Amino acid sequence: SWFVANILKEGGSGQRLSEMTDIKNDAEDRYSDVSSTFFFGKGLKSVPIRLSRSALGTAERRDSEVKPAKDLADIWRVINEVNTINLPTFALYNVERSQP
Amino acid sequence: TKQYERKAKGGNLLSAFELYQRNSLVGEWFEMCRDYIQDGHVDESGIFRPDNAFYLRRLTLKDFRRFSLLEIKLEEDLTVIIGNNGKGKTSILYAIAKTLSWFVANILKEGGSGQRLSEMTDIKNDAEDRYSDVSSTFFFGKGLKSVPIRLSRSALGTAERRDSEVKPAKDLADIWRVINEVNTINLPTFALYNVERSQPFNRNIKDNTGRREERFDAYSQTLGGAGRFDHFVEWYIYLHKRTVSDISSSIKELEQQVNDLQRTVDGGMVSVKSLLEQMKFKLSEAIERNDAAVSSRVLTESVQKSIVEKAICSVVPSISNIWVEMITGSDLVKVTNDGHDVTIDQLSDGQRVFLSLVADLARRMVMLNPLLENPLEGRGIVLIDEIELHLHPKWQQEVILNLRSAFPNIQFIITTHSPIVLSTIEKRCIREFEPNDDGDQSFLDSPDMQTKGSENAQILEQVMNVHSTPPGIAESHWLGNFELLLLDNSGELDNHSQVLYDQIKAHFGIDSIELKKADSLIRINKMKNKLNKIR
DNA sequence: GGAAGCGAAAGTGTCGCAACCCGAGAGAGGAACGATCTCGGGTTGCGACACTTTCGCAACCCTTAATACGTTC
């Protein structure tokens, strides 16, 4: 979602982990991390992104690290603005696809 | 009359009831009707069995949707409908659900109307007669071997009208309604669970308006297709609050308040008379509700809660416990799922959907069967479309057994495309739906193979008509090709056969069944060739 | 008068949407925090429509009729 938001708009915001549901219920340290590493050719072998969330009512908040996603998405957006390029497709098809 | 008396004494339920209605030995006839409905025995397995069973025996569809004429015999316990064409399977469940609506309507209200066939969608497009019929026959003990119902609809502008024939269903539903009004009896459960049951959960749940406590809320939206899992949660939280509270303490407290207020009015404070009258009304209402609750012979809230919790935990394998927690001044249902305590909205979709089905069904059965030692041994008919929806193979091997064990006297009519499910079911329960290119079929057949306790791979091939190995994958043909090469070269591994052997070894591995079969082929063919050379 | 089934008329309850509010969070301006904008969750009012309840059309002709042909009620 962070790539999509930033391809569409500069400084666009993607989605975030839920502080109600996404933190493990018996986590002693009361925060959750989703760390992803993307690859874009030999020129950009590692694009790390981390989504983080601290549990509700925790004194100290853990920040997500999304700048590399934004930086890469910026390249797609800016280059496309000047001269049309092909863009990556991102899609999720969940079980709700069946619902009328 | 004397004739009705003879038939009634012979055990005819309708005659007994007619005599009851005319005389309203009025007590004798009432007792006979009530005993017909309530009498039963506990079998060797410790399960209560009604002396007079209730189930759907037969269904006929005439010029209905894609069917010119279709006849289905149903089993008393379990009927499973299978086939590729799922839109015809669903039409069958819709037909049954509409018929059952007529029982529900008349149990709730004298002169209640169930649902009707549509002139637009339910009549077959090329019907010569331009009408549709859905005919059902129900069984209710040897005293009422046949309860026929027909739902009919004609096209607009036809010379004659085709009307529904619903009187026998209404007459039977009237017996249940009237006898229940005088003396509480157990009542049948009717429910439909469509693919719609797979829906997201609203975490935010409604305050107790007080409708969920009423016994005939058990019939609310019962044939809608989704259940009402929201109603379960509200009802279950309500049950918890009543269990932690005491009943009659409010009455005792209200009694004390009315006594204190009465003393104030007797002491000369006439300004508080209006408030006294209001409080007296509240007290009377509380007593009446208590008395009505007492009159309705309904199980204690604690027992109700226990029954449902046990049912859920028995039927749903991942759930070992369910309870209501009071955290942050709001009631949350929690479950122990796979050894870990979680909220309902943290459950996987498969677990939630199945939990929802069982919870809803158990709630309704508890509400409708207050006089049974185990309310889940009540009577009823339950329709489930696509039972394997969201379930892993391991659960598919348990689901029918668990349901049948928890609800032993329910008639289940289900649809599936799972061979794993079919491995747990007798072939007599299976009805195969293979329509023509026009969608029309005349009878539904049982498979020739016995499915119960058979291997899944056999059911795939013999019942579902699907190869056990994927034909579109080249590697699926290598062993066959290998065999042919071996037979072409008088059983000796030539260069070509060796290459393919090595490919099989490389792809499937050294310990694969495929390689063992190849090895076996080599050994056998070498030995056969040696024999041929000796000869 | 009013069976049995059916639907008109009229009243009530449900429920999903739109508009709004709130706190959280990444991090513009330029170089110290935290501006502005969007995410995600909750509340509340509204109104279309589903659901519920009552009414009323008119089968039957009661054990119980007579038989030359017409007319009328």
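For the numbers below, each heavy atom of this structure counts, side chains included, while hydrogens, waters and symmetry mates do not. Protein chains get the first letters and strands the later ones, always in sequence-line order, with residue 1 at the start of each.
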Which class fits the ring pair [X] and [Y]: parallel under 30°, tilted 30 to 60°, perpendicular over 60°?
{"X": "B/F190", "Y": "B/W176", "result": "tilted"}
{"X": "A/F38", "Y": "A/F3", "result": "perpendicular"}
{"X": "B/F216", "Y": "B/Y219", "result": "tilted"}

Taking the same atom, [atom1], in [N] and in [M], what whole-Å distance lies between them?
{"N": "C/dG23", "M": "C/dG34", "atom1": "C1'", "value": "16 Å"}
{"N": "C/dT64", "M": "C/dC6", "atom1": "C1'", "value": "36 Å"}
{"N": "C/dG27", "M": "C/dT36", "atom1": "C1'", "value": "10 Å"}
{"N": "C/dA32", "M": "C/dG41", "atom1": "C1'", "value": "32 Å"}
{"N": "C/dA58", "M": "C/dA8", "atom1": "P", "value": "16 Å"}
{"N": "C/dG1", "M": "C/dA59", "atom1": "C1'", "value": "12 Å"}

- Message: Taking the axis from the first five pairs and the axis from the last five, what angle separates them in the helix from C/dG5-C/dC57 to C/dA26-C/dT36, rounded to 10 degrees?
- Response: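 The value is 30°.
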- So do C/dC49 and C/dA50 actually stack on each other, going by six-membered ring centres closer than 5.5 Å and planes off by less than 30°?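 Stacking holds for this pair.
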Integer-rounded Å distance: [N] [atom2] and [X] [atom1]:
{"X": "A/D22", "N": "C/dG25", "atom1": "CG", "atom2": "P", "answer": "13 Å"}
{"X": "A/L8", "N": "C/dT38", "atom1": "CG", "atom2": "P", "answer": "12 Å"}
{"X": "A/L56", "N": "C/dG40", "atom1": "CG", "atom2": "P", "answer": "16 Å"}
{"X": "A/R50", "N": "C/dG25", "atom1": "CZ", "atom2": "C1'", "answer": "14 Å"}
{"X": "A/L51", "N": "C/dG40", "atom1": "CG", "atom2": "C1'", "answer": "15 Å"}

- Message: Across nucleotides 2-14 of chain C, 5' to 3', mark each nucleotide with B, S or - according to how protein heavy atoms within less than 4.0 Å reach it.
- Response: --SSSS------S
- Give the B/S/- string for nucleotides 46-55 of chain C, one per nucleotide from 5' to 3', where a protein heavy atom under 4.0 Å of the base yields B, of only the sugar-phosphate yields S, and otherwise -. -------SS-
- Query: Who does C/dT72 pair with, Watson-Crick or G-U, both distances under 3.5 Å?
  - Reply: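 Matched C/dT72 with nothing under the 3.5 Å cut-off.
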